[PDB]
Amino acid sequence: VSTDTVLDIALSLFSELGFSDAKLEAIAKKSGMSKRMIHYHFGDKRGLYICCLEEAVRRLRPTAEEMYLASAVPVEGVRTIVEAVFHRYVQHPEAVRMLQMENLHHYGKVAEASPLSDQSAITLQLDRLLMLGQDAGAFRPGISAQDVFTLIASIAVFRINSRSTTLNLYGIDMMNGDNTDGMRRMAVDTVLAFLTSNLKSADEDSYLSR
Amino acid sequence: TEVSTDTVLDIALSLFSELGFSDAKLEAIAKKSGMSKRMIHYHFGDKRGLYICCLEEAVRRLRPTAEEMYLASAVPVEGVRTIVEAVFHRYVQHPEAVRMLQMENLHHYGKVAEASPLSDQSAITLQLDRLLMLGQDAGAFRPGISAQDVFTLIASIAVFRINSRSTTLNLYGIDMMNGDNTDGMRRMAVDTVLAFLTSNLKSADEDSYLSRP
């Protein structure tokens, strides 16, 4: 068994049962790696749990290869970024539930802790793209790469997270084929309309600040 | 001096949204509420009965009233702005109701997806469908967007601020729940919805983004 194999089995259990119910013996039985050797690479159970959160962030982060586009047109460039990001959320729902587990029960108290990953990658490629479109007169000022990413993540995560309550209240399964395509369309059309809007906005240079 | 059904429902909703169904104990709810564990079983039946009553309460706390839904200025754009800000405000005022519903969406304690609806949300949908219909005929809004599409877009932003606050603060150093960012998330919800409805960009021949068979 490899380090990536144990990390995959552990991520699935933590995203389904939580930190309390997911047992190391159950992970050792499925992974094939002894509980003693799991402690050697990942450390204690909380050490393995934080590795799963770092993996969850990594699984949801698109590569520069997945976001490359020859077409200089900033509109089609942003479309590629949105669809690339959204696709990873569709392919990794276990990574989404993994991060949502931490956001509900703060098992790792991650908010006041060391960053899980260096996300200066997808932000830099998007900031440059928004900068080119703004000077070309294609996009309006006041929107940062972090604002665009938050808008994409909000839609991509809501599909997986609020699936059960939406299906109960409105009879809509956001995770079926048709609705997974519709949520992608909503993410693309919402972002592009937001960037190319002629409506009057606040004198603020960003929606989210740090 | 006597505890009420609404009082026990409030204490129970807070524990379930923080600790979950497993850790939140009836003895802890009885100690805070003042109502005996025996009398809590009399009104709510069992612990799962009390849990489902908390989910039903969580939905009505995030449902804006008809008074908040009434648009004063008869403008399609300003009318939608009032709906977006009214919905977003209830999410800001009731983060415990948001975590309550997210508890069910993660661990399906009440298997709510294949169960009786928690609340009749058809009244809020019928009013927004009328406002989008008036704006579409007035040439203000584009076709292909339903009230359910608009509500999903508002909820996505309003919920993300709460349910993804800790990871965002760790990865990007941004507290979406602080004053400045709570205003920015509201601005994003308003500007995003209005831009989406008034977009001149080419869209699919589909009459809705989300569908229901």
# chains A, B, ... in the order shown; residues from 1 in each chain; ligands from 1
>>> residues_around(residues="residue 11 in chain A", least_positions_apart="3", cutoff="8 Å", atoms="only C-alpha atoms", output="PyMOL selection string")
chain A and resi 7-8+14-15+49+52-53+56+94-95+98
>>> write_last_selection(atoms="N, CA and C atoms", output="mmCIF file, in the first residue's frame")
data_model
loop_
_atom_site.group_PDB
_atom_site.id
_atom_site.type_symbol
_atom_site.label_atom_id
_atom_site.label_comp_id
_atom_site.auth_asym_id
_atom_site.auth_seq_id
_atom_site.Cartn_x
_atom_site.Cartn_y
_atom_site.Cartn_z
ATOM 1 N N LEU A 7 -4.236 7.802 2.172
ATOM 2 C CA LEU A 7 -4.778 9.159 2.192
ATOM 3 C C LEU A 7 -6.164 9.215 1.521
ATOM 4 N N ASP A 8 -6.381 8.381 0.474
ATOM 5 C CA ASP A 8 -7.661 8.329 -0.238
ATOM 6 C C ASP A 8 -8.745 7.650 0.609
ATOM 7 N N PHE A 14 -13.572 10.191 6.612
ATOM 8 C CA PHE A 14 -13.727 11.467 7.316
ATOM 9 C C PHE A 14 -14.840 12.324 6.703
ATOM 10 N N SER A 15 -15.011 12.256 5.362
ATOM 11 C CA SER A 15 -16.029 13.048 4.658
ATOM 12 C C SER A 15 -17.446 12.474 4.859
ATOM 13 N N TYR A 49 -5.856 13.388 9.664
ATOM 14 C CA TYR A 49 -7.025 14.223 9.357
ATOM 15 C C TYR A 49 -6.622 15.513 8.616
ATOM 16 N N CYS A 52 -5.654 14.882 5.085
ATOM 17 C CA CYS A 52 -6.844 14.719 4.249
ATOM 18 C C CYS A 52 -7.411 16.066 3.818
ATOM 19 N N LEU A 53 -7.371 17.081 4.724
ATOM 20 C CA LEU A 53 -7.820 18.442 4.390
ATOM 21 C C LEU A 53 -6.902 19.072 3.355
ATOM 22 N N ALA A 56 -7.729 17.392 0.140
ATOM 23 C CA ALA A 56 -9.014 17.890 -0.358
ATOM 24 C C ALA A 56 -8.838 19.204 -1.114
ATOM 25 N N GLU A 94 -16.168 14.206 -2.639
ATOM 26 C CA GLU A 94 -15.634 13.749 -1.351
ATOM 27 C C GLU A 94 -14.696 14.799 -0.740
ATOM 28 N N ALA A 95 -13.966 15.558 -1.605
ATOM 29 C CA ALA A 95 -13.086 16.645 -1.157
ATOM 30 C C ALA A 95 -13.917 17.823 -0.643
ATOM 31 N N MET A 98 -15.319 16.801 2.678
ATOM 32 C CA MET A 98 -14.172 16.794 3.584
ATOM 33 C C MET A 98 -13.955 18.187 4.201
#
>>> residues_around(residues="range 176-178 of chain B", least_positions_apart="6", cutoff="9 Å", atoms="only C-alpha atoms", output="short mmCIF file (atom, residue, chain, number, x, y, z; two decimals) with N, CA, C and O atoms, in the first residue's frame")
data_model
loop_
_atom_site.label_atom_id
_atom_site.label_comp_id
_atom_site.auth_asym_id
_atom_site.auth_seq_id
_atom_site.Cartn_x
_atom_site.Cartn_y
_atom_site.Cartn_z
N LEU A 208 -14.48 41.43 -1.80
CA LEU A 208 -13.88 40.84 -0.60
C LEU A 208 -12.53 41.47 -0.31
O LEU A 208 -11.72 41.67 -1.23
N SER A 209 -12.27 41.80 0.97
CA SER A 209 -11.01 42.43 1.37
C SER A 209 -10.28 41.60 2.43
O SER A 209 -10.89 40.76 3.09
N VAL B 92 -27.85 36.19 7.16
CA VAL B 92 -26.91 36.87 8.06
C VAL B 92 -27.42 36.81 9.51
O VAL B 92 -26.64 36.52 10.43
N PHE B 160 -22.32 30.09 1.48
CA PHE B 160 -20.85 29.96 1.39
C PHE B 160 -20.14 30.85 2.42
O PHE B 160 -19.14 30.43 3.02
N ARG B 161 -20.68 32.07 2.66
CA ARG B 161 -20.14 33.01 3.66
C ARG B 161 -20.08 32.35 5.05
O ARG B 161 -19.13 32.60 5.81
N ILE B 162 -21.06 31.49 5.38
CA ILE B 162 -21.15 30.86 6.69
C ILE B 162 -20.47 29.47 6.70
O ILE B 162 -19.61 29.22 7.54
N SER B 164 -18.35 28.00 4.74
CA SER B 164 -16.95 27.88 4.27
C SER B 164 -16.06 29.00 4.82
O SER B 164 -15.00 29.28 4.25
N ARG B 165 -16.44 29.57 5.97
CA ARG B 165 -15.74 30.69 6.60
C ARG B 165 -14.33 30.29 7.10
O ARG B 165 -13.37 31.03 6.88
N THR B 168 -11.71 29.35 4.18
CA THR B 168 -11.39 30.58 3.44
C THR B 168 -10.43 31.46 4.24
O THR B 168 -9.46 32.00 3.69
N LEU B 169 -10.67 31.57 5.57
CA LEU B 169 -9.82 32.35 6.46
C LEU B 169 -8.41 31.74 6.56
O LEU B 169 -7.43 32.46 6.69
N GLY B 184 -19.79 43.13 1.51
CA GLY B 184 -19.26 42.76 0.20
C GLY B 184 -19.95 41.54 -0.39
O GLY B 184 -20.22 41.51 -1.59
N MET B 185 -20.26 40.54 0.47
CA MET B 185 -20.98 39.33 0.04
C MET B 185 -22.42 39.68 -0.36
O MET B 185 -22.97 39.07 -1.28
#
>>> residues_around(residues="residue 189 in chain A", least_positions_apart="4", cutoff="8 Å", atoms="only C-alpha atoms", output="PDB file with C-alpha atoms, in the first residue's frame")
ATOM      1  CA  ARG A 185     -23.850  27.038 -17.149  1.00  0.00           C
ATOM      2  CA  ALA A 193     -22.291  38.679 -16.881  1.00  0.00           C
TER       3      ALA A 193
ATOM      4  CA  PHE B 196     -27.075  37.758 -14.656  1.00  0.00           C
ATOM      5  CA  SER B 203     -27.033  31.992 -23.740  1.00  0.00           C
TER       6      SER B 203
END
>>> interface_residues(of="chain A", to="chain B", cutoff="6 Å", atoms="only C-alpha atoms", output="list in words")
residues 103, 111, 115, 154, 155, 158, 161, 162, 164, 167, 168, 169, 172, 179, 182, 190, 193, 194, 197, 207, 208 and 210 of chain A
>>> atom_distance(atom1="CA of residue 132 in chain B", atom2="CA of residue 57 in chain B")
28.4 Å
>>> residues_around(residues="residue 38 in chain B", least_positions_apart="6", cutoff="12 Å", atoms="only C-alpha atoms", output="MDAnalysis selection string")
chainID B and resid 26:27 29:30 44:47
>>> write_last_selection(atoms="N, CA, C and O atoms", output="PDB file, in the first residue's frame")
ATOM      1  N   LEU B  26     -30.203  14.996  25.019  1.00  0.00           N
ATOM      2  CA  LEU B  26     -31.492  15.488  25.525  1.00  0.00           C
ATOM      3  C   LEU B  26     -31.360  16.035  26.945  1.00  0.00           C
ATOM      4  O   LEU B  26     -32.043  16.993  27.294  1.00  0.00           O
ATOM      5  N   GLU B  27     -30.467  15.426  27.772  1.00  0.00           N
ATOM      6  CA  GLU B  27     -30.220  15.890  29.148  1.00  0.00           C
ATOM      7  C   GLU B  27     -29.622  17.310  29.150  1.00  0.00           C
ATOM      8  O   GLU B  27     -29.984  18.131  30.001  1.00  0.00           O
ATOM      9  N   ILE B  29     -30.139  19.552  26.699  1.00  0.00           N
ATOM     10  CA  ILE B  29     -31.251  20.405  26.260  1.00  0.00           C
ATOM     11  C   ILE B  29     -32.234  20.635  27.421  1.00  0.00           C
ATOM     12  O   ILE B  29     -32.663  21.763  27.650  1.00  0.00           O
ATOM     13  N   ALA B  30     -32.517  19.570  28.206  1.00  0.00           N
ATOM     14  CA  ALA B  30     -33.410  19.654  29.367  1.00  0.00           C
ATOM     15  C   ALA B  30     -32.842  20.574  30.446  1.00  0.00           C
ATOM     16  O   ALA B  30     -33.599  21.299  31.099  1.00  0.00           O
ATOM     17  N   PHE B  44     -42.483  16.350  21.590  1.00  0.00           N
ATOM     18  CA  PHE B  44     -41.676  16.124  20.386  1.00  0.00           C
ATOM     19  C   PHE B  44     -41.566  14.633  20.004  1.00  0.00           C
ATOM     20  O   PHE B  44     -40.978  14.302  18.967  1.00  0.00           O
ATOM     21  N   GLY B  45     -42.147  13.761  20.822  1.00  0.00           N
ATOM     22  CA  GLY B  45     -42.097  12.321  20.584  1.00  0.00           C
ATOM     23  C   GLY B  45     -40.757  11.719  20.949  1.00  0.00           C
ATOM     24  O   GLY B  45     -40.508  11.411  22.116  1.00  0.00           O
ATOM     25  N   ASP B  46     -39.872  11.560  19.957  1.00  0.00           N
ATOM     26  CA  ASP B  46     -38.521  11.052  20.199  1.00  0.00           C
ATOM     27  C   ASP B  46     -37.462  12.106  19.822  1.00  0.00           C
ATOM     28  O   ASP B  46     -37.819  13.210  19.395  1.00  0.00           O
ATOM     29  N   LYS B  47     -36.163  11.780  20.012  1.00  0.00           N
ATOM     30  CA  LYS B  47     -35.075  12.716  19.706  1.00  0.00           C
ATOM     31  C   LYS B  47     -35.065  13.098  18.212  1.00  0.00           C
ATOM     32  O   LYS B  47     -34.807  14.257  17.879  1.00  0.00           O
TER      33      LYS B  47
END
>>> closest_residue(among="A:132, A:83, A:17, A:57", to="residue 117 in chain A", atoms="only C-alpha atoms")
A:57
